[PDB]
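As structure tokens, the structure follows; a few thoughts come after it.
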Amino acid sequence: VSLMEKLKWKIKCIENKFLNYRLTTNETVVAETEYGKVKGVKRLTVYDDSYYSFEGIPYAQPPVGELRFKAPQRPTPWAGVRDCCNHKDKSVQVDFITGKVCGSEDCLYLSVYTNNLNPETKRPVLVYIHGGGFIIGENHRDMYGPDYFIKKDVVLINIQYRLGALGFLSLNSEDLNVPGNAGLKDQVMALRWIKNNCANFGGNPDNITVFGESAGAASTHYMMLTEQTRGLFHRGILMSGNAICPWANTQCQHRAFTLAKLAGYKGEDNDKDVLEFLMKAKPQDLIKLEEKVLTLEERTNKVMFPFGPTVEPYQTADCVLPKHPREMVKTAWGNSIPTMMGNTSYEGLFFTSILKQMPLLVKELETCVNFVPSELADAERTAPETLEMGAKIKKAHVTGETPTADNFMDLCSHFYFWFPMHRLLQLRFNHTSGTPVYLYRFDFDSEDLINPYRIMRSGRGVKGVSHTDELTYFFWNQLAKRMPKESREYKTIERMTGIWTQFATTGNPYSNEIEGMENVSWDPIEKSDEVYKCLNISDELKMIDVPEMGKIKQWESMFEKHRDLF
Ligand SMILES: *[B]([O])([O])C1=[C]C(Br)=C([C])[C]=[C]1
């Protein structure tokens, strides 16, 4: 934590609510939701654009009291019209910036945005699911401002969903109705709301795109894997993540007890007693203590979060994940909608912050055994097979006699993003109706325009395109500024929102109408492809073989003798 970005974060807090005020108009509007009417308000962007803004729409019953750790329940209608000109609070979480908990349990809301409430054409609807490891994030416009997308004639919807233990507690006992994935169930209920309500904002319920970055990307994929959402939407975009990323799910049924004990539970390990204690604890206490739940062994084996998406121990009405994500790929309805996937060109640069607090992590590259996929590794990671597997990884990333911080982050790009994408693509090809998947590689590097993640990762002054760097060209945030029409930043905003709107609209990301894309020929990946092709998005828009391919193949060779596990 740092006292300085504590003050000037809390200076642009003042000036993002004052800027918010100024950019509001007195033009208010009312729309008919399934649950009753809602009151919006037209707002302004620094590019003198304008959109109708509906924030605070509840899609679920506030999951408080006896509803805590439970699946969302559809909320309660209302005669008259609900206020929606202000946002609700975010899910309870730790503020990376201040170190203190903020947010509320009352957080199951979404926001709807569009430049025209009655177009005389039913528009494509884009649903954004934020990332944040399933433990942080919000749909607030200070991080996810719709200002750029509303230049396009679509309807943009940003959802929230329960985070951390309040979202992802999982208990084995079938009597307790806490199977897990409450946060994903929030997503599903929100999708259902959007399918049955977008029309009333000008959107075509037959043309809906779900997209997300990081945990939002894994969320999007879960929404494409689960049988709960069959047909709800028609295109998916996976931005730097998917459901079979190692960080994207965890078997956490045994950790509820640990959380309880950290919170001062007295008694033995019994799901009923543990749940009863947890049900009554303060929400801020659980969430703050979450950072202590993982054992040293779990951390060493690269378990990144204690609570997250999980394979549910018993099926119920609202079950979202009955089997392992890999197995769900086999019958996943979403394998048969237009899909786009991509990563930035230096993902693992995101880990500068964590490397600096723990430089000993670099020594892990001496053998790389800690990065061998856990399904393949032995528990102590001392088996000679494990050493061999780790040697393949080392050969892919360690470039001198001693590993460097950069070899580490390059490795991290693959462990956390490229290799799981490869596994998904290949697993998908063996269970797909044959609908195209397009790859992008975001490779546009700038420090003129940024987003708050750069502060967390302390990538201020560091070159390369980190994980989350691309958000900047998609969403307004409080650190953003009006950029010159002819700036490389402004042009990238146009290209990104353009490509994304084009893909949403048509299920094909190519458009001759996008600046820089004239000679692009964006072909999707085929099962027969030995080398992945992607649109490299830089100052130049360029189709290239994925540079990361050789390393991807090298990781793949760890499975030479365990092909069934790949
Ligand atoms: B994303 O910001 O949800 C994300 C974050 C981390 Br710390 C990792 C390992 C993957 C994706």
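Residues are referred to by chain and number: the chain letter is A, B, ... according to the order shown in the structure tokens, the number counts from 1 in that chain, and ligands are numbered separately from 1 in the order shown.
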
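Neighbouring residues of residue 213 in chain A at 9 Å or closer, counting only C-alpha atoms and skipping chain neighbours under 4 positions away, are residues 128, 129, 130, 131, 132, 217, 218, 219, 220, 237, 238, 239, 240, 241, 468 and 471 of chain A.
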
Q: Check every protein, DNA and RNA residue against ligand 1, keep those with an atom at most 10 Å away (counting only C-alpha atoms and all ligand atoms), and present them as a PyMOL selection string.
A: chain A and resi 130-137+212-219+239-242+245-248+302-305+347-348+350-351+354+412-413+415-417+453+457+467-468

Output C-alpha atoms of each residue in that selection to a file, as an mmCIF file, in the first residue's frame.
```cif
data_model
loop_
_atom_site.group_PDB
_atom_site.id
_atom_site.type_symbol
_atom_site.label_atom_id
_atom_site.label_comp_id
_atom_site.auth_asym_id
_atom_site.auth_seq_id
_atom_site.Cartn_x
_atom_site.Cartn_y
_atom_site.Cartn_z
ATOM 1 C CA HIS A 130 -15.321 -7.133 -15.579
ATOM 2 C CA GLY A 131 -12.268 -9.051 -14.384
ATOM 3 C CA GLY A 132 -10.376 -8.754 -11.108
ATOM 4 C CA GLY A 133 -9.614 -12.345 -10.149
ATOM 5 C CA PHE A 134 -13.220 -12.835 -9.010
ATOM 6 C CA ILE A 135 -12.174 -10.781 -5.917
ATOM 7 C CA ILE A 136 -12.253 -7.147 -7.112
ATOM 8 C CA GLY A 137 -14.018 -5.010 -9.713
ATOM 9 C CA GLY A 212 -14.891 -9.704 -20.644
ATOM 10 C CA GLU A 213 -11.257 -9.390 -19.750
ATOM 11 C CA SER A 214 -9.330 -11.620 -17.251
ATOM 12 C CA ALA A 215 -11.745 -13.117 -14.797
ATOM 13 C CA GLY A 216 -14.346 -11.431 -17.028
ATOM 14 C CA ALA A 217 -12.961 -13.541 -19.861
ATOM 15 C CA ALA A 218 -13.174 -16.721 -17.784
ATOM 16 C CA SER A 219 -16.685 -15.575 -16.818
ATOM 17 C CA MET A 239 -10.020 -11.066 -23.553
ATOM 18 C CA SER A 240 -6.894 -12.528 -21.884
ATOM 19 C CA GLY A 241 -8.505 -15.534 -20.266
ATOM 20 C CA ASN A 242 -10.770 -18.548 -20.358
ATOM 21 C CA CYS A 245 -6.855 -21.062 -17.137
ATOM 22 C CA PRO A 246 -5.312 -22.483 -13.973
ATOM 23 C CA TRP A 247 -6.295 -19.359 -12.016
ATOM 24 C CA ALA A 248 -9.907 -19.591 -13.251
ATOM 25 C CA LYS A 302 0.399 -21.385 -7.920
ATOM 26 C CA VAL A 303 -3.091 -21.412 -6.452
ATOM 27 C CA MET A 304 -3.819 -17.744 -6.755
ATOM 28 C CA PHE A 305 -7.174 -17.252 -5.037
ATOM 29 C CA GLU A 347 0.821 -10.278 -20.546
ATOM 30 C CA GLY A 348 3.101 -11.347 -17.697
ATOM 31 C CA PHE A 350 1.384 -7.543 -15.017
ATOM 32 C CA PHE A 351 3.456 -9.388 -12.386
ATOM 33 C CA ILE A 354 4.236 -9.125 -7.195
ATOM 34 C CA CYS A 412 3.959 -15.961 -16.708
ATOM 35 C CA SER A 413 2.398 -14.899 -20.020
ATOM 36 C CA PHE A 415 1.420 -20.232 -17.788
ATOM 37 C CA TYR A 416 -1.447 -17.884 -17.152
ATOM 38 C CA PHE A 417 -2.725 -17.057 -20.650
ATOM 39 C CA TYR A 453 -4.494 -1.054 -13.259
ATOM 40 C CA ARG A 457 1.003 -3.320 -11.330
ATOM 41 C CA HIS A 467 -2.237 -7.659 -18.988
ATOM 42 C CA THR A 468 -5.180 -5.165 -18.800
#
```

What's around range 58-67 of chain A at 8 Å? Count only C-alpha atoms, leave out sequence neighbours fewer than 4 positions away in its own chain, and write the answer as a tab-separated table (two decimals) with N, CA, C and O atoms, in the first residue's frame.
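The resulting around39.tsv:
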```
chain	number	residue	atom	x	y	z
A	71	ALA	N	-27.63	-18.81	-4.11
A	71	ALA	CA	-27.89	-18.44	-5.51
A	71	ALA	C	-28.80	-17.24	-5.56
A	71	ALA	O	-29.68	-17.09	-4.71
A	72	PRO	N	-28.61	-16.36	-6.56
A	72	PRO	CA	-29.46	-15.18	-6.60
A	72	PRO	C	-30.90	-15.59	-6.85
A	72	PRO	O	-31.18	-16.65	-7.43
A	73	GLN	N	-31.80	-14.75	-6.38
A	73	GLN	CA	-33.21	-14.98	-6.53
A	73	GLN	C	-33.70	-13.79	-7.24
A	73	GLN	O	-33.21	-12.68	-7.03
A	74	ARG	N	-34.64	-13.99	-8.12
A	74	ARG	CA	-35.10	-12.86	-8.87
A	74	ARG	C	-35.77	-11.88	-7.92
A	74	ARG	O	-36.47	-12.28	-6.99
A	75	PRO	N	-35.55	-10.58	-8.15
A	75	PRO	CA	-35.97	-9.54	-7.21
A	75	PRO	C	-37.48	-9.27	-7.22
A	75	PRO	O	-38.26	-10.03	-7.79
A	76	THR	N	-37.86	-8.18	-6.57
A	76	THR	CA	-39.26	-7.86	-6.34
A	76	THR	C	-39.68	-6.68	-7.20
A	76	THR	O	-39.07	-5.61	-7.13
A	105	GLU	N	-22.69	-5.80	0.36
A	105	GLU	CA	-23.29	-7.06	-0.02
A	105	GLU	C	-24.42	-6.83	-1.01
A	105	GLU	O	-24.81	-7.73	-1.75
A	106	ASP	N	-24.96	-5.62	-0.97
A	106	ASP	CA	-26.05	-5.18	-1.83
A	106	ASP	C	-25.45	-4.63	-3.11
A	106	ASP	O	-25.20	-3.42	-3.22
A	107	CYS	N	-25.19	-5.52	-4.06
A	107	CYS	CA	-24.36	-5.15	-5.20
A	107	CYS	C	-24.78	-5.80	-6.50
A	107	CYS	O	-24.04	-5.73	-7.48
A	108	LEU	N	-25.94	-6.46	-6.52
A	108	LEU	CA	-26.31	-7.22	-7.71
A	108	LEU	C	-27.10	-6.36	-8.70
A	108	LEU	O	-28.31	-6.52	-8.87
A	109	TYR	N	-26.37	-5.44	-9.34
A	109	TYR	CA	-26.96	-4.46	-10.25
A	109	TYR	C	-26.23	-4.43	-11.59
A	109	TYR	O	-25.10	-4.91	-11.71
A	110	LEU	N	-26.89	-3.89	-12.61
A	110	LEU	CA	-26.24	-3.67	-13.90
A	110	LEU	C	-26.58	-2.28	-14.41
A	110	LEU	O	-27.51	-1.62	-13.92
A	186	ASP	N	-24.99	-15.26	-10.38
A	186	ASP	CA	-25.38	-13.86	-10.53
A	186	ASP	C	-25.27	-13.49	-12.02
A	186	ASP	O	-26.16	-12.86	-12.57
A	189	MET	N	-28.15	-14.97	-13.99
A	189	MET	CA	-29.42	-14.27	-13.79
A	189	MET	C	-29.41	-12.94	-14.53
A	189	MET	O	-30.44	-12.48	-15.03
A	190	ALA	N	-28.24	-12.32	-14.62
A	190	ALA	CA	-28.11	-11.03	-15.28
A	190	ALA	C	-28.26	-11.19	-16.79
A	190	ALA	O	-28.83	-10.33	-17.46
A	193	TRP	N	-31.88	-11.58	-17.50
A	193	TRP	CA	-32.52	-10.29	-17.45
A	193	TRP	C	-32.31	-9.56	-18.77
A	193	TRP	O	-33.23	-8.97	-19.32
A	279	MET	N	-22.32	-17.11	8.16
A	279	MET	CA	-23.56	-16.41	7.86
A	279	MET	C	-23.74	-15.15	8.70
A	279	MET	O	-24.47	-14.24	8.32
```

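Considering only range 127-193 of chain A, backbone DSSP assigns strand (DSSP E) to residues 127, 128, 129, 155, 156, 157, 158 and 159 of chain A.
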
Grab the residues selected above and save them as a PDB file, in the first residue's frame with N, CA and C atoms.
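The result, stored in out.pdb:
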```pdb
ATOM      1  N   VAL A 127     -22.630  -7.122 -23.667  1.00  0.00           N
ATOM      2  CA  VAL A 127     -22.623  -7.274 -22.211  1.00  0.00           C
ATOM      3  C   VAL A 127     -21.190  -7.431 -21.704  1.00  0.00           C
ATOM      4  N   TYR A 128     -20.682  -6.484 -20.914  1.00  0.00           N
ATOM      5  CA  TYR A 128     -19.312  -6.604 -20.414  1.00  0.00           C
ATOM      6  C   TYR A 128     -19.262  -7.178 -18.984  1.00  0.00           C
ATOM      7  N   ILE A 129     -18.447  -8.210 -18.773  1.00  0.00           N
ATOM      8  CA  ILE A 129     -18.222  -8.766 -17.439  1.00  0.00           C
ATOM      9  C   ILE A 129     -16.790  -8.406 -17.017  1.00  0.00           C
ATOM     10  N   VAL A 155     -26.131  -1.043 -27.814  1.00  0.00           N
ATOM     11  CA  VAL A 155     -26.468  -0.929 -26.407  1.00  0.00           C
ATOM     12  C   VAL A 155     -25.428  -1.721 -25.612  1.00  0.00           C
ATOM     13  N   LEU A 156     -24.800  -1.027 -24.671  1.00  0.00           N
ATOM     14  CA  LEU A 156     -23.749  -1.582 -23.826  1.00  0.00           C
ATOM     15  C   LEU A 156     -24.254  -1.754 -22.409  1.00  0.00           C
ATOM     16  N   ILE A 157     -24.078  -2.948 -21.871  1.00  0.00           N
ATOM     17  CA  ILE A 157     -24.505  -3.268 -20.521  1.00  0.00           C
ATOM     18  C   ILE A 157     -23.350  -3.816 -19.673  1.00  0.00           C
ATOM     19  N   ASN A 158     -23.051  -3.160 -18.552  1.00  0.00           N
ATOM     20  CA  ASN A 158     -22.022  -3.637 -17.616  1.00  0.00           C
ATOM     21  C   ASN A 158     -22.628  -4.180 -16.318  1.00  0.00           C
ATOM     22  N   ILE A 159     -22.333  -5.436 -16.005  1.00  0.00           N
ATOM     23  CA  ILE A 159     -22.935  -6.101 -14.863  1.00  0.00           C
ATOM     24  C   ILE A 159     -21.999  -6.184 -13.663  1.00  0.00           C
TER      25      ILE A 159
END
```

Q | Residue contacts of residue 26 in chain A (12 Å, only C-alpha atoms) excluding same-chain residues fewer than 4 positions away, as a ChimeraX atom specification | A | /A:21-22,40-44,52,85

Hey, can you spit out that residue selection with C-alpha atoms as a PDB file, in the first residue's frame?
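Full text of again17.pdb as output:
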```pdb
ATOM      1  CA  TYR A  21     -21.907  16.204 -12.285  1.00  0.00           C
ATOM      2  CA  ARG A  22     -20.842  18.609 -15.044  1.00  0.00           C
ATOM      3  CA  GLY A  40     -32.369   7.127 -16.528  1.00  0.00           C
ATOM      4  CA  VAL A  41     -30.482  10.270 -17.524  1.00  0.00           C
ATOM      5  CA  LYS A  42     -28.615  11.528 -20.597  1.00  0.00           C
ATOM      6  CA  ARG A  43     -24.906  12.074 -20.036  1.00  0.00           C
ATOM      7  CA  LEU A  44     -21.927  13.649 -21.806  1.00  0.00           C
ATOM      8  CA  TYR A  52     -28.733   7.600 -22.019  1.00  0.00           C
ATOM      9  CA  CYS A  85     -29.573   8.014 -12.400  1.00  0.00           C
TER      10      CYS A  85
END
```

**Q.** Residue contacts of range 98-100 of chain A (8 Å, only C-alpha atoms) excluding same-chain residues fewer than 3 positions away, as JSON, numbers by chain
**A.** {"A": [1, 2, 3, 6, 94, 95, 288]}

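Using only C-alpha atoms, the protein and nucleic acid residues lying no more than 10 Å from residue 16 in chain A, apart from those fewer than 2 places from it along its own chain, are residues 10, 11, 12, 13, 14, 18, 19, 20, 21, 22, 141, 142, 477, 478 and 479 of chain A.
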
Using N, CA and C atoms, can you write the selected residues to a file as an mmCIF file, in the first residue's frame?
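Output file result.cif is given in full below:
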```cif
data_model
loop_
_atom_site.group_PDB
_atom_site.id
_atom_site.type_symbol
_atom_site.label_atom_id
_atom_site.label_comp_id
_atom_site.auth_asym_id
_atom_site.auth_seq_id
_atom_site.Cartn_x
_atom_site.Cartn_y
_atom_site.Cartn_z
ATOM 1 N N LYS A 10 -7.489 9.871 -4.144
ATOM 2 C CA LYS A 10 -8.530 10.612 -3.468
ATOM 3 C C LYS A 10 -8.337 12.133 -3.687
ATOM 4 N N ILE A 11 -7.973 12.536 -4.917
ATOM 5 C CA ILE A 11 -8.097 13.945 -5.356
ATOM 6 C C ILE A 11 -8.907 13.868 -6.656
ATOM 7 N N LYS A 12 -8.734 12.772 -7.387
ATOM 8 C CA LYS A 12 -9.397 12.615 -8.666
ATOM 9 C C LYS A 12 -10.657 11.845 -8.374
ATOM 10 N N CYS A 13 -10.898 11.638 -7.084
ATOM 11 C CA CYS A 13 -12.141 11.040 -6.662
ATOM 12 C C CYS A 13 -13.113 12.194 -6.667
ATOM 13 N N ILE A 14 -12.652 13.312 -6.090
ATOM 14 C CA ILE A 14 -13.434 14.544 -5.959
ATOM 15 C C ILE A 14 -13.806 15.065 -7.340
ATOM 16 N N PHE A 18 -17.269 15.443 -9.557
ATOM 17 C CA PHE A 18 -17.584 16.786 -10.026
ATOM 18 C C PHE A 18 -17.629 16.813 -11.550
ATOM 19 N N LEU A 19 -16.681 16.126 -12.186
ATOM 20 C CA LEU A 19 -16.715 15.943 -13.633
ATOM 21 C C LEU A 19 -17.973 15.170 -14.013
ATOM 22 N N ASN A 20 -18.337 14.199 -13.178
ATOM 23 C CA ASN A 20 -19.561 13.429 -13.375
ATOM 24 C C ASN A 20 -20.782 14.331 -13.356
ATOM 25 N N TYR A 21 -20.794 15.275 -12.417
ATOM 26 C CA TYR A 21 -21.907 16.204 -12.285
ATOM 27 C C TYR A 21 -22.009 17.093 -13.521
ATOM 28 N N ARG A 22 -20.894 17.719 -13.889
ATOM 29 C CA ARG A 22 -20.842 18.609 -15.044
ATOM 30 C C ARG A 22 -21.308 17.908 -16.322
ATOM 31 N N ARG A 141 -18.443 3.743 -13.630
ATOM 32 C CA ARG A 141 -17.996 4.355 -14.863
ATOM 33 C C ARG A 141 -16.662 5.034 -14.624
ATOM 34 N N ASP A 142 -16.206 5.045 -13.370
ATOM 35 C CA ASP A 142 -14.875 5.580 -13.087
ATOM 36 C C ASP A 142 -13.797 4.574 -13.503
ATOM 37 N N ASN A 477 -12.060 5.890 -18.030
ATOM 38 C CA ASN A 477 -11.741 5.799 -16.611
ATOM 39 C C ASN A 477 -11.258 7.155 -16.133
ATOM 40 N N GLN A 478 -11.167 7.304 -14.821
ATOM 41 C CA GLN A 478 -10.922 8.590 -14.181
ATOM 42 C C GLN A 478 -9.538 9.158 -14.413
ATOM 43 N N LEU A 479 -8.620 8.323 -14.860
ATOM 44 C CA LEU A 479 -7.301 8.810 -15.195
ATOM 45 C C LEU A 479 -7.222 9.172 -16.674
#
```

Q.
I'd like the neighbourhood of range 552-561 of chain A as a VMD selection string, where a residue qualifies if any of its atoms comes within 9 Å (using only C-alpha atoms), though same-chain residues fewer than 3 positions away should be ignored.
A. chain A and resid 372 to 373 376 388 to 390 392 to 393 395 to 396 414 to 415 418 to 419 422 to 423 548 to 549 564 to 566

May I have the residues from that selection written out with C-alpha atoms, as a PDB file, in the first residue's frame?
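The new file part.pdb reads:
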```pdb
ATOM      1  CA  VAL A 372       4.678 -27.457 -14.478  1.00  0.00           C
ATOM      2  CA  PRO A 373       0.916 -27.943 -14.794  1.00  0.00           C
ATOM      3  CA  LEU A 376       1.295 -33.456 -14.255  1.00  0.00           C
ATOM      4  CA  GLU A 388      12.182 -32.969 -16.982  1.00  0.00           C
ATOM      5  CA  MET A 389       8.918 -31.165 -17.522  1.00  0.00           C
ATOM      6  CA  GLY A 390      10.301 -28.072 -15.815  1.00  0.00           C
ATOM      7  CA  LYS A 392      11.136 -27.879 -21.160  1.00  0.00           C
ATOM      8  CA  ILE A 393       9.642 -24.692 -19.737  1.00  0.00           C
ATOM      9  CA  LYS A 395      14.293 -23.869 -22.337  1.00  0.00           C
ATOM     10  CA  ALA A 396      11.347 -21.840 -23.561  1.00  0.00           C
ATOM     11  CA  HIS A 414       2.308 -18.510 -21.068  1.00  0.00           C
ATOM     12  CA  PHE A 415       1.420 -20.232 -17.788  1.00  0.00           C
ATOM     13  CA  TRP A 418      -1.175 -18.455 -23.837  1.00  0.00           C
ATOM     14  CA  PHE A 419      -0.900 -22.110 -22.878  1.00  0.00           C
ATOM     15  CA  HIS A 422      -3.861 -23.268 -26.798  1.00  0.00           C
ATOM     16  CA  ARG A 423      -5.388 -26.092 -24.739  1.00  0.00           C
ATOM     17  CA  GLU A 548       4.305 -17.041 -29.043  1.00  0.00           C
ATOM     18  CA  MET A 549       3.685 -20.209 -31.058  1.00  0.00           C
ATOM     19  CA  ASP A 564      -4.815 -37.839 -22.406  1.00  0.00           C
ATOM     20  CA  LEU A 565      -4.366 -34.939 -19.971  1.00  0.00           C
ATOM     21  CA  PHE A 566      -3.604 -32.209 -22.549  1.00  0.00           C
TER      22      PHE A 566
END
```

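Each of A:46, A:187, A:360, A:525 was compared to residue 483 in chain A using only C-alpha atoms, and A:46 turns out to be the nearest.
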
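Counting only C-alpha atoms, the residue from A:197, A:244, A:104, A:406 that sits nearest to residue 284 in chain A is A:104.
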
Mind dumping a table of every range 267-356 of chain A residue within 9 Å of range 174-181 of chain A, with the nearest atom pair and its distance in Å to one decimal, using only C-alpha atoms, sorted by chain and rising number, as CSV?
```
residue,atom,partner,partner_atom,distance
A:271,CA,A:176,CA,8.0
A:272,CA,A:176,CA,7.0
A:275,CA,A:176,CA,8.1
A:308,CA,A:181,CA,7.2
A:309,CA,A:181,CA,5.3
A:310,CA,A:181,CA,6.3
A:311,CA,A:180,CA,8.0
A:312,CA,A:179,CA,5.4
A:313,CA,A:179,CA,6.3
A:314,CA,A:179,CA,6.7
A:315,CA,A:179,CA,8.0
A:316,CA,A:179,CA,8.1
A:319,CA,A:179,CA,7.8
A:320,CA,A:181,CA,7.1
A:321,CA,A:181,CA,7.8
```

Q: Per DSSP on the backbone, filter range 300-436 of chain A down to the residues in helix (DSSP H, G or I) and report them as number ranges by chain.
A: A: 300, 325-331, 333-336, 347-357, 359-366, 369-371, 384-397, 405-429

Q. CA of residue 257 in chain A and CA of residue 93 in chain A are how many Å apart?
A.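 For CA of residue 257 in chain A relative to CA of residue 93 in chain A, the distance reads 20.0 Å.
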
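The smallest atom-to-atom distance between residue 451 in chain A and any of A:283, A:488, A:233, A:145, using only C-alpha atoms, is found for A:145.
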
Q. Which of these residues is nearest to residue 368 in chain A, using only C-alpha atoms: A:506, A:209, A:295, A:386?
A.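 Looking at the shortest contact to residue 368 in chain A, the residue is A:386.
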
Q | Nearest to residue 563 in chain A, chosen from A:427, A:262, A:29, A:317, with only C-alpha atoms counted in the distances | A | A:427

Q | Between CA of residue 352 in chain A and CA of residue 292 in chain A - distance in Å to one decimal | A |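 About the pair CA of residue 292 in chain A and CA of residue 352 in chain A: they are 21.5 Å apart.
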
Q: Choose the residue, out of A:435, A:339, A:24, A:173, that has the smallest atom-to-atom separation from residue 274 in chain A; count only C-alpha atoms.
A: A:173
